[PDB]
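Here the structure is laid out as structure tokens; the discussion comes afterwards.
There are 2 protein chains.
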Amino acid sequence: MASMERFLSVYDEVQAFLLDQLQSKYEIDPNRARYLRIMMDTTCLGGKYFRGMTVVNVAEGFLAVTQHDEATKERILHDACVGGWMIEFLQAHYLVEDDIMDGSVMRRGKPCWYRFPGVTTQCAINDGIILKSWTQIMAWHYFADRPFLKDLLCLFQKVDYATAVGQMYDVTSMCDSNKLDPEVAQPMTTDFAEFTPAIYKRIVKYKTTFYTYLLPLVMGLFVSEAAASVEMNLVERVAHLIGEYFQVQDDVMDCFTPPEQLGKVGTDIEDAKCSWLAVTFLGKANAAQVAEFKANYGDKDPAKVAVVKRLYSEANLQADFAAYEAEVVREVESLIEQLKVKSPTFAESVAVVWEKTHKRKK
Amino acid sequence: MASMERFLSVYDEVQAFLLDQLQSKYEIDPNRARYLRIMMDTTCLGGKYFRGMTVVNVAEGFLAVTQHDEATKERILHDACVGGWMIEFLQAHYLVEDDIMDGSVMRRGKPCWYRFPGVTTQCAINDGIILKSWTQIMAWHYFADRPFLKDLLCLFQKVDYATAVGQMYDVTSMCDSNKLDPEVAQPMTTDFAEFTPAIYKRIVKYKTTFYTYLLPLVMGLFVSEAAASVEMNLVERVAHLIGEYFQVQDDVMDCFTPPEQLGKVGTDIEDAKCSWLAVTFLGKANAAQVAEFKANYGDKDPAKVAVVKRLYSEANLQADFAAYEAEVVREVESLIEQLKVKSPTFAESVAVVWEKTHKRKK
Ligand SMILES: O=P(O)(O)C(O)(C[n+]1cccc(-c2ccccc2)c1)P(=O)(O)O
Ligand SMILES: O=P(O)(O)C(O)(C[n+]1cccc(-c2ccccc2)c1)P(=O)(O)O
Ligand SMILES: C=C(C)CCOP(=O)(O)OP(=O)(O)O
Ligand SMILES: C=C(C)CCOP(=O)(O)OP(=O)(O)O
Ligand SMILES: [Mg+2]
Ligand SMILES: [Mg+2]
Ligand SMILES: [Mg+2]
Ligand SMILES: [Mg+2]
Ligand SMILES: [Mg+2]
Ligand SMILES: [Mg+2]
């Protein structure tokens, strides 16, 4: 709570930097400054700050065991905060744009940015472009003479790219691969042959895990100058594991958590998404269940949607989930043990990240 | 012609690199590779390559007067080509996204990408995100151990940001500033008070000049290691001047060039754009002309649009244009003369850039 207020005081400094630079260098007028301040506030705040706060917890962990001057402590914490906000702004970018592509209605308990009456798709698209440019403006401003600058940019960009590739895997997950063709309007799949665990796994590996887990963790290492002190293949394997589970939870909540609690309203059934629920159901259903799933999936019709939920409850998926969670707890503990060998501190940081995720309710 | 085929052979190498990396590192399947190849071809090719080819002409100019080994010549030309393609891919990004926000129908003689039947806004938004990520993937791949890497990235990013800020100035140019408010649906301006030369100038400075002129020119200097050899304040002043004129031509052509020749269809009148034509007309019109302009501007109605064109032809704007062109020829020559002092070669490169622009018909 106190630490989160400190993370937010760094948001305020960053907002101030960005907005004063708009006035001093980009000829902005007060009203457009205001619009951009409100956009930044609306798209970047109100979340859990899980990605940002991870950078900071990684850095705090190394600080407890590493000798530094006070001044250097303070710089390290401040950089971890800036780094954290780069990742939040990056997420803010993805969500503004994602909400347009998913035809979404609510986000963090409010309308999606593009649905604000004075915004619309026309302004929102470019607003999301601005959120991303801001990540880079921050990096070059606050990290210009840090040793980790080049490594951080290069990583940030590879993570952004994988994420965008992931979003392509996601937005085309309901069409048949052999039919993808810019020239031909795309029909929803009728056989659901590509609703498989491996295909699902590729969607999720790219669209969520790099930017939600790999980036904040390695970012925490960069600003700590601690990345040579870990086994990177382990960091990857653990980001990919927890990241996958994180997205599985997102999928279950889309169907089962009231929006009242969730803060977004779920579109996966209507959007015909290759979600965990749809893949898992099709891996256990009998012939008649499959036939009725195929009869109602991917239509915006309330009673079709309700038939899918019923088939999901009947297949007892909220116990396939428990079985999957159980295999994940196993594998995460095992990876944490393997990380303990070169860095107890980073292993603990990961234990904390796993814990925050496992207990997640939104 | 031969040189342009050589620029295009570097596009093919780049396309091949990017697409093989998708297969070897991002788990892509052949059909999505194909979709991305067609997207890249459709959004990046078919233009004039003016921005890309400028990087290359800048570099060629320095090569004629600078001693190098043959191998070093060849590397320099190849880097200028890669650099050029970074700028084309960047433009490709902006146009895909711009066409969505302007509700545009045609581009480079074909439907806008988002209008392809098998694309739609849903895929196009993210496709445009990919085009931009590719610029960075290229830079880090082909320029990893070049001395100019850091300078180039930093410049590229500041230019991208200014451009995005410019696009915000553009997409809000028809509303009153004091009324911009995310919460309130935005009405078109009724007084046209902000349709002024200074306001127009700010739109254009940001949205076109950085990325169309400043970037390719300084890029040509980076890959040549020649940037200390110029007066950068002059490079800026000349990019901003020719860039402004470039956009003025774009505005006139939107109204007056048949789409048959233009390769896009014009939306400025219907979109209520603060174009050069609308600003210039309002700077010379009598009270009754202003009243009738305000009666018909910014409606998608064919006969309202036709009344604006008629008022434009009656105000003899295609002679305000000639007067403006004449002041621009003056000022460009003067800047070229001033550049002659430290680099005849770069001055000549600019003379060529001015020439290609001045003679432009699309
Ligand atoms: O739409 P998704 O996939 O279920 C959600 O989790 C968005 N998300 C997660 C990861 C990545 C991205 C993403 C990445 C790039 C571009 C757009 C979105 C979106 P949502 O439930 O909050 O809508
Ligand atoms: O729409 P404009 O402004 O008239 C055009 O020239 C696009 N353009 C030029 C410069 C910058 C950008 C731009 C920059 C950032 C984001 C979107 C577009 C667009 P068009 O006539 O080809 O449509
Ligand atoms: C599933 C993913 C990757 C998108 C949502 O991430 P969060 O659920 O962390 O959203 P916010 O906390 O930022 O609101
Ligand atoms: C006016 C601007 C800045 C956008 C169009 O640029 P071009 O007219 O050069 O478009 P292409 O050559 O790339 O088609
Ligand atoms: Mg979504
Ligand atoms: Mg999505
Ligand atoms: Mg979701
Ligand atoms: Mg346009
Ligand atoms: Mg535009
Ligand atoms: Mg135009």
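Going down the list, the protein sequences come from chains A and A'. A prime marks a further copy of an entry chain. At position 87 of the first sequence (counting the first as 1) the number is 87 in the deposited numbering, and the numbers step up by one without a gap. At position 106 of the second sequence (counting the first as 1) the number is 106 in the deposited numbering, and the numbers step up by one without a gap. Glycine included, C-beta positions come from ideal geometry on N, C-alpha and C.
Contacts around residue i, its chain only, beta-carbon distance under 7 Å, and the 5 residues preceding and following it disregarded
i: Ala347(A); result: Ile336, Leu339 and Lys340
i: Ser173(A); result: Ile203, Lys273 and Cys274
i: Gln249(A'); result: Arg360
i: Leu221(A); result: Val58, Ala227 and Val230
i: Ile28(A); result: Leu22
i: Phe50(A'); result: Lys356
i: residue 378(A); result: Summary: the structure shown does not reach residue 378(A), with chain A confined to residues 1 through 362, and so no result is reported for it.
i: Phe192(A); result: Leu282 and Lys294
i: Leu18(A); result: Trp134 and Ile137
Enclosing alpha helix (DSSP H) for residue i [first to last residue]
i: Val82(A); result: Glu70 to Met101
i: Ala144(A'); result: Counting along the chain, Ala144(A') falls outside any alpha helix (DSSP H), and DSSP gives it neither H nor E.
i: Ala323(A); result: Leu317 to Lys340
i: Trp354(A); result: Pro344 to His358
i: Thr43(A'); result: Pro30 to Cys44
i: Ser313(A'); result: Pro302 to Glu314
i: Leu63(A'); result: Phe50 to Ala64
i: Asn178(A); result: Premise fails: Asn178(A) is in no alpha helix (DSSP H) and is neither H nor E.
i: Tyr169(A'); result: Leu149 to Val171
i: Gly220(A); result: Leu215 to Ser224
i: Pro197(A'); result: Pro197 to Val204
i: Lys264(A'); result: Looking at the DSSP string, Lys264(A') is not in any alpha helix (DSSP H), and its letter there is neither H nor E.
i: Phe17(A'); result: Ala2 to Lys25
i: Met253(A'); result: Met232 to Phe256
Own chain residues within Cβ distance below 6 Å of residue i, not counting five before or after
i: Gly83(A'); result: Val55, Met219 and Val223
i: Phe143(A); result: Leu149
i: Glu97(A); result: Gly128
Residues that residue i contacts on chain A', provided the C-beta gap is smaller than 8 Å
i: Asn178(A); result: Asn31
i: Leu153(A); result: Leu153
Given residue i as reference, the closest of the options once Cα atoms are compared
i: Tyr94(A'); options: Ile130(A), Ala306(A) and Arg107(A); result: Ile130(A)
i: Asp251(A); options: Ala162(A), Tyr200(A) and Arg37(A); result: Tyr200(A)
i: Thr212(A'); options: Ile137(A'), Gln21(A'), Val159(A') and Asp254(A'); result: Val159(A')
i: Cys123(A); options: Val105(A'), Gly118(A') and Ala185(A'); result: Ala185(A')
i: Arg32(A); options: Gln157(A'), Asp69(A') and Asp170(A'); result: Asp170(A')
i: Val308(A'); options: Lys179(A'), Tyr324(A'), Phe321(A') and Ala285(A'); result: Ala285(A')
i: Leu8(A); options: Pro30(A), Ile38(A) and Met53(A); result: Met53(A)
i: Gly61(A'); options: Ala351(A'), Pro197(A'), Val350(A') and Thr345(A'); result: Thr345(A')
i: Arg237(A); options: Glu70(A), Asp79(A) and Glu333(A); result: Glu333(A)
i: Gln318(A); options: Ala306(A), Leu277(A) and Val265(A); result: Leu277(A)
i: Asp102(A'); options: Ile100(A), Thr190(A), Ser104(A) and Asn126(A); result: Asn126(A)
i: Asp181(A'); options: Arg34(A), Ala71(A), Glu327(A) and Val14(A); result: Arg34(A)
i: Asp271(A'); options: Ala287(A'), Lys300(A'), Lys362(A') and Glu314(A'); result: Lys300(A')
i: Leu217(A); options: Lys362(A), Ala239(A) and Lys264(A); result: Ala239(A)
i: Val14(A'); options: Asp99(A'), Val350(A') and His141(A'); result: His141(A')
Within chain A, the residues that residue i reaches when beta carbons sit closer than 8 Å
i: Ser133(A'); result: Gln157, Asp160, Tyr161 and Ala164
i: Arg202(A'); result: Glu27
i: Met39(A'); result: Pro182
i: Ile76(A'); result: Simply none; closest approach about 23 Å.
i: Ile242(A'); result: Correct list: empty, because the minimum Cβ distance to chain A is about 19 Å.
Listed by chain order, chain A residues near residue i by CB distance under 9 Å
i: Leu45(A'); result: Near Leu45(A') there are no residues of chain A at all, since even the closest Cβ is about 14 Å away, more than 9 Å.
i: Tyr35(A'); result: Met168, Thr172, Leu180, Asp181 and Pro182
8 Å CB neighbourhood of residue i in its chain, flanking five on each side removed
i: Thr42(A'); result: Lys110, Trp113 and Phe116
i: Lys342(A'); result: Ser229, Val230 and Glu231
i: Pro258(A); result: none
i: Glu194(A); result: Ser173, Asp176, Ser177 and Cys274
Residue i: contacting residues in chain A (beta-carbon distance under 7 Å)
i: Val171(A'); result: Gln122, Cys123 and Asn126
i: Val119(A'); result: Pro182
Contacts that residue i makes with chain A' (C-beta to C-beta distance below 9 Å)
i: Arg237(A); result: Those do not exist, as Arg237(A) stays about 16 Å from chain A' at its closest Cβ, beyond 9 Å.
Contacts that residue i makes with chain A' (C-beta to C-beta distance below 7 Å)
i: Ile87(A); result: Neighbours of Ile87(A) on chain A': none; closest Cβ ~16 Å, over 7 Å.
Contact residues within the stretch 246-279 of chain A', judged by C-beta distance below 8 Å to chain A: Within the stretch 246-279 of chain A', no residue has its Cβ closer than 8 Å to any Cβ of chain A.
Contacting positions in the stretch 135-149 of chain A' - beta carbon closer than 7 Å to chain A: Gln136, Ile137 and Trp140
Residues from the stretch 94-117 of chain A' in contact with chain A, defined by Cβ distance under 7 Å: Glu97, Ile100, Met101, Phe116 and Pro117
Residues in the stretch 182-200 of chain A having any Cβ partner in chain A' nearer than 8 Å: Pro182, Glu183, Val184, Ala185 and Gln186
Within 8 Å of chain A' by C-beta, residues of the stretch 202-220 of chain A in sequence order: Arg202, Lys205 and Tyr206
The stretch 276-302 of chain A': positions lying closer than 8 Å to chain A by Cβ: none
Members of the stretch 334-362 of chain A' that neighbour chain A once the beta carbon cut-off is set at 7 Å: none
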